[PDB]
């Protein structure tokens, strides 16, 4: 069912900011595991769905509840990493080039400059006290205003919050290259952020 997104650039294309070693593992092992976990969980839910249709018991309801956590976690892992690769690009393909259009105007109006929004995001990233993510979002419920939000583990942004830029703060995203020095990774990644994709997502809503 759900599959790994097609490889766009080779693993080493984001060097020296993110290593090919990291990208190979992050994609072939970590992302694949969420793919497999999500497929398994949705399958298990379908089986329990049919079981509940036959006997709508509290005991059968309890096993549905047990599987929900795996749908959330692996579903989140699948979606978050898909977003992640799509908002990353080598400098040859426009990575690190500033956003354009309505997103660029919103950034300047709200934060004063790109650098200020980046600074805020880096603060949110360093403030993840465990595994998680930061997302630059467009909030559709308050007039399409920009904000930066943290999530933990593989929690994601849903509903009115549209993800524009996803940044992985899990230790596996940086440890082989940066080790404990996560701030250096958060600083470095903006050199390969695909702001064209972010602008596109701002417009698409």
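Positions refer to the first chain, counted from 1.
Undergrad: Of the two stretches 125 to 133 and 101 to 109, which shows the higher Cα B-factor on average in the entry?
TA: Stretch with the higher mean C-alpha B-factor: 101 to 109.
Undergrad: Do the CA atoms of 78 to 86 or those of 92 to 100 have the higher mean B-factor in the entry?
TA: Result of the comparison: 92 to 100.
Undergrad: According to the deposited entry, which of 139, 151, 28, 68 has the largest Cα B-factor?
TA: Out of 139, 151, 28, 68, the record gives the largest C-alpha B-factor to 68.
Undergrad: For the listed residues 44, 180, 156, 32, which one has the largest C-alpha B-factor as given in the deposited model?
TA: Each of 44, 180, 156, 32 was compared by C-alpha B-factor; the highest is 44.
Undergrad: If you rank the chain by CA B-factor, which third does residue 173 end up in: lowest, middle or highest?
TA: Lowest third, going by the recorded CA B-factors of the chain.
Undergrad: Taking the entry's C-alpha B-factors for this chain, is residue 9 in the lowest, middle or highest third?
TA: Tercile = highest for this residue's CA B-factor.
Undergrad: Based on the deposited C-alpha B factors for this chain, I'd like to know if residue 161 is in the lowest, middle or highest third.
TA: CA B-factor rank for residue 161: middle third.
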